[PDB]
Amino acid sequence: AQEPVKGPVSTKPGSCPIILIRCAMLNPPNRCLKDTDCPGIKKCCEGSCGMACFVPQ
């Protein structure tokens with residue numbers, strides 16, 4: 001079946017602002033992941049190594 005709009009950690013949130021590339025090293029820390037804590041119009045994305053608040057376009 002399809003997905004009920006929301007449910008999981010958002011499969012279609014926003015778009016990352018593009019950063020360097022995608023740091024594929026080990027397991028870095030993250031200030032956000034699913035529980036985006038950005039007050040305004042931001043969205044936890046990937047800033048080339050680690051995730052954080054990034055505007056979803």
# chains A, B, ... in the order shown; residues from 1 in each chain; ligands from 1

$ residues_around --residues "residue 31 (chain A)" --least-positions-apart "3" --cutoff "10 Å" --atoms "only C-alpha atoms" --output "list in words"
residues 35, 36, 37, 44, 50, 51, 52 and 53 of chain A

$ write_last_selection --atoms "N, CA and C atoms" --output "PDB file, in the first residue's frame"
ATOM      1  N   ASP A  35      14.300  14.102  14.252  1.00  0.00           N
ATOM      2  CA  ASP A  35      13.631  15.138  15.089  1.00  0.00           C
ATOM      3  C   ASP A  35      14.200  16.517  14.751  1.00  0.00           C
ATOM      4  N   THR A  36      14.102  16.920  13.516  1.00  0.00           N
ATOM      5  CA  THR A  36      14.634  18.253  13.120  1.00  0.00           C
ATOM      6  C   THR A  36      14.265  19.289  14.184  1.00  0.00           C
ATOM      7  N   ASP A  37      15.237  19.985  14.706  1.00  0.00           N
ATOM      8  CA  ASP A  37      14.944  21.009  15.746  1.00  0.00           C
ATOM      9  C   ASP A  37      15.280  22.398  15.199  1.00  0.00           C
ATOM     10  N   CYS A  44      16.472  18.906   8.729  1.00  0.00           N
ATOM     11  CA  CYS A  44      17.731  18.151   8.972  1.00  0.00           C
ATOM     12  C   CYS A  44      18.194  17.464   7.683  1.00  0.00           C
ATOM     13  N   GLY A  50      28.102  14.392   8.701  1.00  0.00           N
ATOM     14  CA  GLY A  50      27.255  14.860   9.834  1.00  0.00           C
ATOM     15  C   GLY A  50      25.989  15.529   9.297  1.00  0.00           C
ATOM     16  N   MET A  51      24.933  15.509  10.065  1.00  0.00           N
ATOM     17  CA  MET A  51      23.663  16.146   9.615  1.00  0.00           C
ATOM     18  C   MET A  51      23.389  17.383  10.471  1.00  0.00           C
ATOM     19  N   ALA A  52      22.537  18.258  10.012  1.00  0.00           N
ATOM     20  CA  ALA A  52      22.223  19.479  10.807  1.00  0.00           C
ATOM     21  C   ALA A  52      21.044  20.215  10.166  1.00  0.00           C
ATOM     22  N   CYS A  53      20.754  21.406  10.616  1.00  0.00           N
ATOM     23  CA  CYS A  53      19.604  22.163  10.049  1.00  0.00           C
ATOM     24  C   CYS A  53      19.966  22.765   8.684  1.00  0.00           C
TER      25      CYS A  53
END

$ select_by_dssp --residues "chain A" --states "strand (DSSP E)" --output "PyMOL selection string"
chain A and resi 43-46+51-54

$ write_last_selection --atoms "C-alpha atoms" --output "PDB file, in the first residue's frame"
ATOM      1  CA  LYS A  43      15.126  20.576   7.592  1.00  0.00           C
ATOM      2  CA  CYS A  44      17.731  18.151   8.972  1.00  0.00           C
ATOM      3  CA  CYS A  45      19.825  17.281   5.887  1.00  0.00           C
ATOM      4  CA  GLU A  46      23.420  16.155   5.249  1.00  0.00           C
ATOM      5  CA  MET A  51      23.663  16.146   9.615  1.00  0.00           C
ATOM      6  CA  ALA A  52      22.223  19.479  10.807  1.00  0.00           C
ATOM      7  CA  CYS A  53      19.604  22.163  10.049  1.00  0.00           C
ATOM      8  CA  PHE A  54      19.581  22.879   6.287  1.00  0.00           C
TER       9      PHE A  54
END

$ atom_distance --atom1 "CA of residue 30 (chain A)" --atom2 "CA of residue 48 (chain A)"
11.4 Å

$ closest_residue --among "A:33, A:19, A:11, A:27" --to "residue 47 (chain A)" --atoms "only C-alpha atoms"
A:19

$ residues_around --residues "residue 12 (chain A)" --least-positions-apart "2" --cutoff "12 Å" --atoms "only C-alpha atoms" --output "number ranges by chain"
A: 3, 5-10, 14-16, 34, 43-45, 56

$ residues_around --residues "residue 55 (chain A)" --least-positions-apart "3" --cutoff "7 Å" --atoms "only C-alpha atoms" --output "ChimeraX atom specification"
/A:17,41-43

$ decode --residues "region 23-37 of chain A" --atoms "N, CA, C and O atoms" --output "short mmCIF file (atom, residue, chain, number, x, y, z; two decimals), in the first residue's frame"
data_model
loop_
_atom_site.label_atom_id
_atom_site.label_comp_id
_atom_site.auth_asym_id
_atom_site.auth_seq_id
_atom_site.Cartn_x
_atom_site.Cartn_y
_atom_site.Cartn_z
N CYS A 23 30.86 13.12 2.61
CA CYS A 23 31.79 12.49 3.62
C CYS A 23 31.39 11.05 3.93
O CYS A 23 30.61 10.78 4.83
N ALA A 24 31.93 10.10 3.22
CA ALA A 24 31.60 8.68 3.49
C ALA A 24 32.75 8.06 4.28
O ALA A 24 33.41 7.14 3.83
N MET A 25 33.02 8.59 5.45
CA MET A 25 34.15 8.05 6.26
C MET A 25 33.63 7.03 7.29
O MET A 25 33.40 5.88 6.96
N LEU A 26 33.46 7.42 8.53
CA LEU A 26 32.97 6.44 9.54
C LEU A 26 31.61 6.90 10.10
O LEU A 26 30.73 7.26 9.35
N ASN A 27 31.43 6.86 11.39
CA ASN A 27 30.12 7.28 11.97
C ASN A 27 30.30 8.58 12.77
O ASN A 27 30.58 8.55 13.95
N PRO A 28 30.12 9.68 12.09
CA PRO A 28 30.25 11.02 12.69
C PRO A 28 29.00 11.34 13.54
O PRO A 28 28.01 10.64 13.46
N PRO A 29 29.10 12.38 14.31
CA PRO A 29 28.00 12.83 15.18
C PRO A 29 26.94 13.57 14.36
O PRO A 29 27.10 13.80 13.18
N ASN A 30 25.85 13.94 14.98
CA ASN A 30 24.78 14.66 14.23
C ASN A 30 23.95 15.50 15.19
O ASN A 30 23.56 15.04 16.25
N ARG A 31 23.67 16.72 14.84
CA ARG A 31 22.85 17.59 15.74
C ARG A 31 21.36 17.34 15.46
O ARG A 31 20.50 17.79 16.19
N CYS A 32 21.06 16.62 14.41
CA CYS A 32 19.65 16.33 14.09
C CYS A 32 19.62 15.13 13.14
O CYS A 32 20.62 14.78 12.56
N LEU A 33 18.49 14.51 12.99
CA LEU A 33 18.42 13.34 12.08
C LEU A 33 16.96 13.15 11.65
O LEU A 33 16.62 13.23 10.48
N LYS A 34 16.10 12.92 12.60
CA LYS A 34 14.64 12.76 12.29
C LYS A 34 13.88 13.84 13.05
O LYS A 34 12.93 14.43 12.56
N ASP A 35 14.30 14.10 14.25
CA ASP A 35 13.63 15.14 15.09
C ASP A 35 14.20 16.52 14.75
O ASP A 35 14.72 17.21 15.60
N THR A 36 14.10 16.92 13.52
CA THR A 36 14.63 18.25 13.12
C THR A 36 14.27 19.29 14.18
O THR A 36 13.11 19.46 14.53
N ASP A 37 15.24 19.99 14.71
CA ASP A 37 14.94 21.01 15.75
C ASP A 37 15.28 22.40 15.20
O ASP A 37 15.89 23.21 15.86
#
